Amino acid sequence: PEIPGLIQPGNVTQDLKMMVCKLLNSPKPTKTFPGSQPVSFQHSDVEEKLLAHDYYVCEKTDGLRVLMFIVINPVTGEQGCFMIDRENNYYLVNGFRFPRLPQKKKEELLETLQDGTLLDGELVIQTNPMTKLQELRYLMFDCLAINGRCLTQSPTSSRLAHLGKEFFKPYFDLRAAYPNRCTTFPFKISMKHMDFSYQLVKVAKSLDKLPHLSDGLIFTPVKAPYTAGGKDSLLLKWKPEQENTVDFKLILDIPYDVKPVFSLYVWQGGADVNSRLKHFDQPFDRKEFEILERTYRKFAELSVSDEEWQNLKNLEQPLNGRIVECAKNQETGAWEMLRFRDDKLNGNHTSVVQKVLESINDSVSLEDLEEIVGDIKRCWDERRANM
């Protein structure tokens, strides 16, 4: 959604980038995304990583991944509420009193504070089901700094753990005891609703009935340590076998009133635009295949069913050169389309296509995980006693 604050200056971004370098003992906050970035899931992985460890699952929230950064300025003294987007850019939210409770008193929070605390989040929007009221919201799934203490090098269980008592408890108490001291708070906070591996069954059956958005499952290993910048071989992102798909320039090989061949070609180099110049010197492609070669080689035939031929019949427009976007239904091996893209010139560079042919095999249907529910639990029960 629209970002709750703004970035401040470029220097005043550099300054914090520095504070952050040291707080996790690596200066990478210079540039790279501090927070952890997942790798794509594989069947190959099942035996490799989901078999040999103790793992987590929640849905992949489709918000604006934005870390939380909270520190108390040794420039002019006062607590700061800060936000780190996908490109490392820093946002400045208003009033928040992030504390502790080291003693006891049910006031305590009100002068106590939080310093050196880095917690990785997803800023969704949120519908009330009983009322229908939408609201801006921030959800937390891992934390790698609490009160100056670098919680990177430590297992998830203990990374999540601290974050509960440490940051959230005193947010929550503070908001629960004294509702008035804080309308300065622009938006709500909640924990990411964690569940273990052996519950995918319990998971997916919720997947489609959640108030915010969720474009797959995400997988986290308990026993494992977190990470500074970029990718990590044990943090996993699930998406539909259908999700990944590509733009195919549809061209027509043909010799008249019932369906013909629809070959799908992929643009290489930089000859597509150059084509259009003499494309308007056409009757139909028969000869034009001559130059066009320079930018087009095909691999697949599409698939237009008999209640699907009639549908494109009545409404139409010129075709020997439009663009189509289609997931390969793993039930048939071919690929049904679910929209064209007018709003896109060609199809996609051979190379920049190849990389996706990869994933559609790597997936791995929902059931193609569900089947393994009892087999991480059996294999968990084993680690429970073997050690």
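Start at 1 and count along the sequence shown; that's the residue number.
**Student:** Between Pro255 and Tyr256, determine how many residues of the deposited chain lack coordinates; answer none if the chain runs continuously, otherwise 1 to 3, 4 to 9, or 10 or more.
**Tutor:** Per the record, 10 or more deposited residues are absent between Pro255 and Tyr256.
**Student:** Would 283-291 or 161-169 have the larger average of its C-alpha temperature factors, as given in the entry?
**Tutor:** Looking at the recorded C-alpha B-factors, 283-291 comes out higher on average.
**Student:** Mean CA temperature factor from the deposited coordinates, higher in 274-282 or in 114-122?
**Tutor:** Between 274-282 and 114-122, it is 274-282 that shows the higher mean C-alpha B-factor.
**Student:** From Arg297, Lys132, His193, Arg137, pick the one with the largest CA B-factor in the entry?
**Tutor:** Top of the list by C-alpha B-factor: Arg297.
**Student:** By the entry's C-alpha temperature factors, tell me which of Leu217, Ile84, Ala145, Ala228 sits highest.
**Tutor:** Max CA B-factor in the entry, restricted to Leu217, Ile84, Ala145, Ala228: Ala145.
**Student:** Among the modelled residues of this chain, does the Cα B factor of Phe187 put it in the lowest, middle or highest third?
**Tutor:** Ranked within chain, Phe187 CA B lands in the lowest tercile.
**Student:** Can you tell me which third, lowest, middle or highest, the CA B-factor of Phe262 falls into for its chain?
**Tutor:** It falls in the middle third of the chain.
**Student:** If you rank every modelled residue in this chain by C-alpha B factor, which third holds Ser206: lowest, middle or highest?
**Tutor:** Middle third of the chain for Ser206's C-alpha B-factor.
**Student:** Tell me, lowest, middle or highest third: where does the Cα B factor of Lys249 rank within its chain?
**Tutor:** CA B-factor rank for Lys249: lowest third.
**Student:** Could you place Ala334 in the lowest, middle or highest third of its chain by Cα temperature factor, using the values in the record?
**Tutor:** Middle third by C-alpha B-factor.
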